[PDB]
Amino acid sequence: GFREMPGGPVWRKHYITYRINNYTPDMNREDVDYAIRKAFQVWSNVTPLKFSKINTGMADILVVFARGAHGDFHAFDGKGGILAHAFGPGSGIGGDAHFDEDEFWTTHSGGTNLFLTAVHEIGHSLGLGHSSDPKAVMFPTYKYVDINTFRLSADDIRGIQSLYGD
Ligand SMILES: COc1ccc(S(=O)(=O)N(Cc2cccnc2)[C@@H](C(=O)NO)C(C)C)cc1
Ligand SMILES: [Ca+2]
Ligand SMILES: [Ca+2]
Ligand SMILES: [Ca+2]
Ligand SMILES: [Zn+2]
Ligand SMILES: [Zn+2]
């Protein structure tokens, strides 16, 4: 059972921009770009949404790696516990995705997988809440799965399209 964030916030545009505010030292700069790019694509593939990376200017979605208290009244808790959090569509912090820098970000499973976490986070950026369906990416539980073969569950697609269709 997919859920939509309270209020049902959605982007009213299809051309959405994102920008990587900073890079975690755990991964190689380009692996980070790859992870996020691929994470956005997971959602582009099933909706009329198009995501474009920018390096300067104000992006709709800001991606940032932060530790503890980082200026949004949603403090991280050190390694473990909270992995990341994002905000529903809207201007300002809206759509932004934060990743706890106290976690160890990896391209695979050596620690916390950026890509997978990012897919789940971007789901929030777009207006999706937590799903009760345990096999949905929007399920509140982190669980590493093969990345090279990853695929959105029927629940996720059904939920994301109930907001933007396709
Ligand atoms: C697959 O991607 C994931 C990304 C982050 C997480 S998370 O464990 O950090 N988490 C979910 C959660 C689980 C259990 C209890 N409370 C909260 C945060 C969440 O939902 N972030 O988006 C929550 C504390 C705000 C889990 C999975
Ligand atoms: Ca943490
Ligand atoms: Ca924003
Ligand atoms: Ca780290
Ligand atoms: Zn934050
Ligand atoms: Zn979540």
Side-chain angles (χ1 to χ4, degrees), residues 2-11 13 16-43 49 51-131 134 136-148 150 156 159-160 163:
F2 76 78
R3 280 187 264 266
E4 71 174 12
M5 303 185 113
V10 296
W11 290 98
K13 56 181 169 185
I16 304 167
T17 60
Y18 71 91
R19 180 172 182 287
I20 294 168
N21 181 68
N22 61 299
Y23 292 75
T24 174
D26 306 332
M27 292 167 69
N28 171 59
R29 195 194 197 71
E30 33 286 1
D31 284 341
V32 175
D33 288 328
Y34 189 90
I36 277 61
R37 184 199 321 152
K38 284 300 182 178
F40 275 110
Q41 180 184 176
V42 170
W43 300 105
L49 300 182
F51 303 106
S52 174
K53 176 172 182 292
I54 69 177
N55 304 164
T56 60
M58 307 289 91
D60 297 304
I61 295 173
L62 191 64
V63 163
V64 3
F65 293 89
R67 212 184 307 277
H70 53 279
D72 62 355
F73 305 106
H74 289 64
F76 279 140
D77 53 357
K79 193 169 183 178
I82 307 173
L83 303 177
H85 62 209
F87 306 77
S91 55
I93 199 172
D96 291 4
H98 302 172
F99 302 80
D100 192 336
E101 187 59 286
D102 278 326
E103 301 313 316
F104 188 66
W105 303 99
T106 61
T107 55
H108 295 93
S109 64
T112 300
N113 190 258
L114 183 54
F115 166 69
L116 283 172
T117 308
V119 174
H120 176 88
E121 290 314 304
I122 298 176
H124 287 312
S125 299
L126 306 176
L128 278 186
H130 283 165
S131 176
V137 71
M138 291 317 293
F139 194 63
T141 307
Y142 173 85
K143 171 187 173 180
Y144 182 92
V145 303
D146 181 70
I147 301 173
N148 300 90
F150 173 78
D156 295 309
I160 192 65
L163 296 182

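Start at 1 with the first residue, then count along the sequence. Atoms within each ligand, like the ligands themselves, are counted from 1 in listed order.
Put simply, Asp96 stays out of reach of the Zn ion (ligand 5), with no N, O or S atom under 2.8 Å from it. In summary, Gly80 places an N/O/S atom under 3.0 Å from the Ca ion (ligand 2), meeting the contact criterion. Taking 3.0 Å as the criterion, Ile82 counts as a coordinating residue of the Ca ion (ligand 2), since one of its N, O or S atoms falls below it. Within the 2.8 Å limit, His74 places no N, O or S atom next to the Zn ion (ligand 5). In summary, no N, O or S atom of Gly81 is located under 3.0 Å from the Ca ion (ligand 2). With 3.0 Å as the limit, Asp77 counts as an N, O or S neighbour of the Ca ion (ligand 2).
Here the Zn ion (ligand 5) is the vertex; the NE2 atom in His70 and the ND1 atom in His98 give an angle of 110° (to 10°). With the Ca ion (ligand 2) as the vertex, atom OE2 of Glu103 and atom O of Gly78 span an angle of 80° (nearest 10 degrees).
Neither side chain, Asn113 nor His108, offers a donor N or O lying under 3.5 Å from an acceptor on the other. Between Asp33 and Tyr23, the side chains place a donor N or O and an acceptor N or O closer than 3.5 Å (distance only, hydrogens not considered). In summary, the side chains of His124 and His85 do not present any donor paired with an acceptor at a separation below 3.5 Å, with no hydrogens or angles considered.
Here the N, O or S atom of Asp100 that is nearest to the Ca ion (ligand 2) is OD2. The atom name of the N/O/S atom in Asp26 closest to the Ca ion (ligand 4) is OD2. Minimum-distance N/O/S atom of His85 relative to the Zn ion (ligand 5): NE2. Nearest N, O or S atom of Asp72 to the Zn ion (ligand 5): atom OD2.
Nearest approach of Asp96 to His98, heavy atoms of both residues: CB-NE2, 3.9 Å. Taking all atoms of both residues into account, the shortest heavy-atom contact from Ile16 to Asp60 is CA-OD2, 3.4 Å.
The CD1 atom of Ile122 sits 10.5 Å away from atom CE of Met138, with the distance rounded to the nearest 0.5 Å.
Between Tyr18 and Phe51, a ring centre-to-centre spacing not shorter than 6.0 Å is recorded.
By the neighbour-count criterion of 12 heavy atoms within 6.0 Å, atom OH of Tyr34 is sparsely surrounded, having that number or fewer from other residues, nucleotides or ligands.
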